[PDB]
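Residue numbers (the authors' numbering), protein chains in the order written: chain 5E, 347 to 384, 425 to 495; chain RV, 150 to 169, 194 to 297; chain RJ, 948 to 1006; chain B1, 412 to 513; chain RN, 761 to 806; chain 5F, 2 to 183; chain 5G, 1 to 63, 72 to 290.
All C-beta atoms in this analysis are idealised placements derived from N, C-alpha and C, irrespective of residue type, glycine included.
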Amino acid sequence: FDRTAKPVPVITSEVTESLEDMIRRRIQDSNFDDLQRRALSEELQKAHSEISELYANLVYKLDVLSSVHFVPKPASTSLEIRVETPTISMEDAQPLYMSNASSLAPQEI
Amino acid sequence: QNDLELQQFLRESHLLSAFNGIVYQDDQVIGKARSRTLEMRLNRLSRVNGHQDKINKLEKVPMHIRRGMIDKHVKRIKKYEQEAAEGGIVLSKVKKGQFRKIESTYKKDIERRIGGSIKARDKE
Amino acid sequence: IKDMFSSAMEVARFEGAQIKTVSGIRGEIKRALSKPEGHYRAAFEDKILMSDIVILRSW
Amino acid sequence: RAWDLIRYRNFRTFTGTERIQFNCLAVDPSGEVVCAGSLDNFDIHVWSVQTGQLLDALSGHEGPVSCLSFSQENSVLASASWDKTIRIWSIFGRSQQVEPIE
Amino acid sequence: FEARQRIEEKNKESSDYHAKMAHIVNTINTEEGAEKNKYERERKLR
Amino acid sequence: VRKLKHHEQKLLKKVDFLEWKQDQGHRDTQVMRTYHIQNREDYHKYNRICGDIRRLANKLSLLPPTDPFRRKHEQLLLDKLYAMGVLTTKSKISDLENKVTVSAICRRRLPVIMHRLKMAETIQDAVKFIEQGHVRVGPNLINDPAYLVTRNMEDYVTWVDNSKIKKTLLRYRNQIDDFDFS
Amino acid sequence: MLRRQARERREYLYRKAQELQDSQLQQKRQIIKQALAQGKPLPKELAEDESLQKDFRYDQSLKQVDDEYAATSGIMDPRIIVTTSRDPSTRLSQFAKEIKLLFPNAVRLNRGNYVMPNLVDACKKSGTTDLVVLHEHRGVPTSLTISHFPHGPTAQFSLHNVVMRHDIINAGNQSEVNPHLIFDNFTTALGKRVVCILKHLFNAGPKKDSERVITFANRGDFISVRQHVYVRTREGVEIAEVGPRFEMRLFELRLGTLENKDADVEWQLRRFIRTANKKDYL
């Protein structure tokens, strides 16, 4: 008679041996299927600058139109230079002050 | 003859000089040169298998201003070639009913509005 | 399924075989039931009826 | 982001991983941890202040976290959100305990 | 055991038969339709 | 205006007192009739922003096809407009010329969102309801029709509590609990 | 977040339907891309449509993990609940203990009086990612269902040759370090789908000297799962066997969570078709 599906395989010593030396080949070649943890030109530069200022103005009015529920800009690890100066001088124009330190730490000097 | 970059540079030498060392290779070609260069390449590729009544559609221009466009362009062409017709230089050779392609042809984008030749006279 | 076998040994001999009803509903015999002897449990393509006959084509 | 009011410098900036906009915050009394909640994310973002990393994302509200506050004495976090629920998080010391008050 | 053996031998037999029939079909196609088209080509000259 | 005879219609063909060429086929009127726009200048206030998007999209497609500035800003603008809801798919960049459209910005308005959420039977009913002050997004009551509802901000479009409309839908299914006022 | 998750799944399957609908433009844009690349003439259908080329000016700047797992693949570690069927036997509770020790970032939940709708709702608003529901037959565990929770897929498997670490001997304690993975001949697209499902419930990026490994080796639609520790000798690499071994067979894979069974089936085992036992990953 004909039969519908193949039966479940019996796990014997030969199939465990074949499977183990498969694992040994992979594990000595480090064949592991793991998950892996996640200037130019003058004309090109000024084309970039024009579409940059267009992009800036358009994003501003899209945010204001959207009633500022938006989704933020992705990420930017930028680079900031700060000179040393008194934090008196880093303040607003008024008669008083709030702190007379220097903007750089001792371990930054 | 089967160099592709060389022959593309050869037949797009005119509008690169109209809308510019110089750049010619794609990944360096800024705006209007890029749009017309890509459009010229797509026209030249599609003119083989596409139908001749469907590949080169003219922009719809009214009669009394398209005819004036053609008359002023032919006046420019006659003035240019008539200017140096007597000269011994290698003026390039055109066919019989076509318009001579000049610097105002490449800059004014005139062939989208007037075609390369009056196809009613070409048909007759 | 009631009577094509006389014993659970016979059904054990024939496990996994493909059967079908006369309606062409394909099926497979799965396991012999314990207390009624030649009775077994089969699984079909969908719900068969009480007016059907299953068939094990052998040679 | 964090601001030293001596040297007038933004010395720390904390972002998430999901690009959301933050609407309320709450700091530790013993200011190791800052905490912030959004109106489009349903999570609470828990950052260390000493290092800059994202220490945790507390989850369990089913509505936008409208308000956050740390208790000033026993340092338990209270968040409350538009799913009609105030929720009390014991963050510190092996608990990870959540008590929701409807 | 007889289940696994009978299933895999039937699969082998079917996969052999399909290869054999497809082989004889397209050998009759290729090396006789070339002659059909050759006769049509040398009949079009008349 | 009087159905000119044959010699008159032949003699003055370009005469038209209603449809002009500067009208652009009355499409401000057409889409403000479709989406029930109150004031006359909302079409053109949206048309300026569609022209901004398409001007930047032209000037950005005129960059070379492989540089990361063009690819980053095209993808970034595409993501922003999909998240806002004007664009319906962030896949292809020809949406930044073809599918960006005053009707798309108008479909994102509050009564149209309402009517698609089945919260009102027509856009004019939705206009009447949010003028009468039944609709809040989030906690705060929204009072004007022109309010643009982004994709994440349409999850919070509900009725105000103590609404008569909320009361009659709850009492239609007689799930009205008078403890919480509705 | 009920309405947000419903409309987010709605927008995702709208975008997926729009992709398969307008995926012809992707490949004919590819045709005119390579026609620009090597200067060969363009077909009549791609030659007479003027709108596609003036969209191609815009579209010339266009260009593994799949749509449910792609957003947070290596960014965020998983969070797995392991629960039994209902009123489980003690050997199923031992097996659920062993599966929660198999997967790191997995906890175990007592099952009794938990309806599957509000269980799924409690998980997918408490922030868990995967649910593993284990079914038994008089001790012997017979099925496991994996449901990925932000409206992801459920893969339902049967388990066949189950030998348990509680059943063998006091061989010691487990390791619980982030393991290495081995997937042997998952060759079809269903094979890659099942690989992505089975491996986005392990932590991303183990150590390079992480001394435990777990293998999913396909042998004719019977994924043998073993787990091994190793220590590399001077001549080979010595494998010791630790933790449970079984064979799982996928019989269903559908595209919603566990609660509905109104989700669209991506694949399910056609058992009674005429050519059933003739192909693998059928």
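Using CA coordinates, which residue listed in the options is at the minimum distance from residue i?
| i | options | result |
| --- | --- | --- |
| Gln382 (chain 5E) | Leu2 (chain 5G), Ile83 (chain 5G), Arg119 (chain 5G), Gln34 (chain 5G) | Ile83 (chain 5G) |
| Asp451 (chain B1) | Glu484 (chain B1), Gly442 (chain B1), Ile417 (chain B1), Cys478 (chain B1) | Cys478 (chain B1) |
| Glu428 (chain 5E) | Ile195 (chain RV), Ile238 (chain RV), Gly223 (chain RV) | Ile195 (chain RV) |
| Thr358 (chain 5E) | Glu76 (chain 5G), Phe254 (chain 5G), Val250 (chain 5G) | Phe254 (chain 5G) |
| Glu161 (chain RV) | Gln271 (chain RV), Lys266 (chain RV), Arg209 (chain RV), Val247 (chain RV) | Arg209 (chain RV) |
| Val958 (chain RJ) | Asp993 (chain RJ), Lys982 (chain RJ), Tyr987 (chain RJ) | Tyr987 (chain RJ) |
| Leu436 (chain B1) | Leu416 (chain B1), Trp458 (chain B1), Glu484 (chain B1) | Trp458 (chain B1) |
| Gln60 (chain 5G) | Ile228 (chain RV), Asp200 (chain RV), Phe168 (chain RV), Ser219 (chain RV) | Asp200 (chain RV) |
| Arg41 (chain 5F) | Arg172 (chain 5F), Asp179 (chain 5F), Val158 (chain 5F), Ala147 (chain 5F) | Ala147 (chain 5F) |
| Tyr419 (chain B1) | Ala442 (chain 5E), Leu465 (chain 5E), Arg349 (chain 5E), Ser489 (chain 5E) | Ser489 (chain 5E) |
Given residue i, which residues of its chain have a CB within under 8 angstroms of its CB, disregarding the five upstream and five downstream residues?
| i | result |
| --- | --- |
| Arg371 (chain 5E) | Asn377 |
| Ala989 (chain RJ) | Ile948, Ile966, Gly974, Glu975, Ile976, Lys977, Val1001 |
| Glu284 (chain RV) | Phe272, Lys274, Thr278 |
| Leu164 (chain RV) | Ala206, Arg209, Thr210, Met213, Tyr279 |
| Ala179 (chain 5G) | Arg173, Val250 |
| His472 (chain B1) | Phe453, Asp454, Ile455, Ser490, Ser492, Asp494, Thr496, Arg498 |
| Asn268 (chain 5G) | none |
| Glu466 (chain 5E) | none |
| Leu25 (chain 5G) | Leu52 |
Could you name the residues of the same chain whose beta carbon sits closer than 7 angstroms to that of residue i, not counting the 5 residues immediately before and after it, in chain order?
| i | result |
| --- | --- |
| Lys33 (chain 5G) | none |
| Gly463 (chain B1) | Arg423, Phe425 |
| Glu249 (chain 5G) | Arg234, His236 |
| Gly289 (chain RV) | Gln271, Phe272 |
Confirm, please, whether the CB-CB distance from residue j to residue i is below 9 angstroms.
| i | j | result |
| --- | --- | --- |
| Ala163 (chain 5G) | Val202 (chain 5G) | yes |
| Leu290 (chain 5G) | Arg278 (chain 5G) | yes |
| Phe425 (chain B1) | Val438 (chain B1) | no |
| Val87 (chain 5F) | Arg109 (chain 5F) | yes |
| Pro112 (chain 5F) | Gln125 (chain 5F) | yes |
| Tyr58 (chain 5G) | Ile94 (chain 5F) | yes |
| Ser183 (chain 5F) | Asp22 (chain 5G) | no |
| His208 (chain 5G) | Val90 (chain 5G) | no |
| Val234 (chain RV) | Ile287 (chain RV) | yes |
| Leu469 (chain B1) | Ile431 (chain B1) | no |
| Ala979 (chain RJ) | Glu962 (chain RJ) | yes |
| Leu82 (chain 5F) | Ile38 (chain 5F) | no |
| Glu155 (chain 5F) | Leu118 (chain 5F) | yes |
| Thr153 (chain 5G) | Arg87 (chain 5G) | no |
Would you tell me roughly how many angstroms separate the C-alpha atoms of residue i and residue j, rounded to the nearest one?
| i | j | result |
| --- | --- | --- |
| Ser475 (chain 5E) | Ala413 (chain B1) | 21 angstroms |
| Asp96 (chain 5F) | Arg56 (chain 5F) | 13 angstroms |
| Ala35 (chain 5G) | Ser155 (chain 5G) | 45 angstroms |
| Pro355 (chain 5E) | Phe111 (chain 5G) | 25 angstroms |
| residue 294 (chain 5G) | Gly474 (chain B1) | It is not possible to answer for residue 294 (chain 5G), since the shown part of chain 5G is limited to 1 through 290. |
| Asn175 (chain 5F) | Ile114 (chain 5F) | 26 angstroms |
| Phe952 (chain RJ) | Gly985 (chain RJ) | 5 angstroms |
| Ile190 (chain 5G) | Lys168 (chain 5F) | 60 angstroms |
| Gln483 (chain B1) | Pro440 (chain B1) | 6 angstroms |
| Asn126 (chain 5G) | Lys133 (chain 5G) | 10 angstroms |
| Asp776 (chain RN) | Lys352 (chain 5E) | 20 angstroms |
| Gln156 (chain RV) | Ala293 (chain RV) | 32 angstroms |
| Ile437 (chain 5E) | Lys60 (chain 5F) | 7 angstroms |
| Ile767 (chain RN) | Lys286 (chain 5G) | 8 angstroms |
Given residue i, which residues of its chain have a CB within under 6 angstroms of its CB, disregarding the five upstream and five downstream residues?
| i | result |
| --- | --- |
| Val239 (chain 5G) | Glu246 |
| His143 (chain 5G) | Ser93, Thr150, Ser151 |
| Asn421 (chain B1) | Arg412, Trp414 |
| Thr968 (chain RJ) | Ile995, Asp999, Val1001 |
| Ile228 (chain RV) | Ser219, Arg220 |
| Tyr47 (chain 5F) | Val103, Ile106 |
Check your understanding: Below 8 angstroms, can you find three or more Cβ-Cβ pairs linking the segment 168-176 of chain 5G to the segment 197-217 of chain 5G?
Key -> No contact exists between the segment 168-176 of chain 5G and the segment 197-217 of chain 5G.
Review point. Is there contact between the segment 439-455 of chain 5E and the segment 236-256 of chain 5G, where contact requires at least three CB pairs shorter than 8 angstroms?
Key: Per the Cβ contact rule, the segment 439-455 of chain 5E is not in contact with the segment 236-256 of chain 5G (fewer than 3 Cβ pairs under 8 angstroms).
Check your understanding: Do the segment 104-115 of chain 5G and the segment 44-57 of chain 5G touch if we need at least three Cβ pairs shorter than 8 angstroms?
Key -> When C-beta atoms of the segment 104-115 of chain 5G are compared with those of the segment 44-57 of chain 5G, fewer than three pairs fall below 8 angstroms, so the two segments do not count as touching.
Check your understanding: Is there contact here, the segment 121-137 of chain 5F with the segment 153-166 of chain 5F, by at least three beta-carbon pairs under 8 angstroms?
Key -> The segment 121-137 of chain 5F is in contact with the segment 153-166 of chain 5F.
Review point. On the three-pair Cβ rule with 8 angstroms, is the segment 56-70 of chain 5F touching the segment 792-805 of chain RN?
Key: Because the criterion of three Cβ pairs below 8 angstroms is not met, the segment 56-70 of chain 5F and the segment 792-805 of chain RN do not touch.
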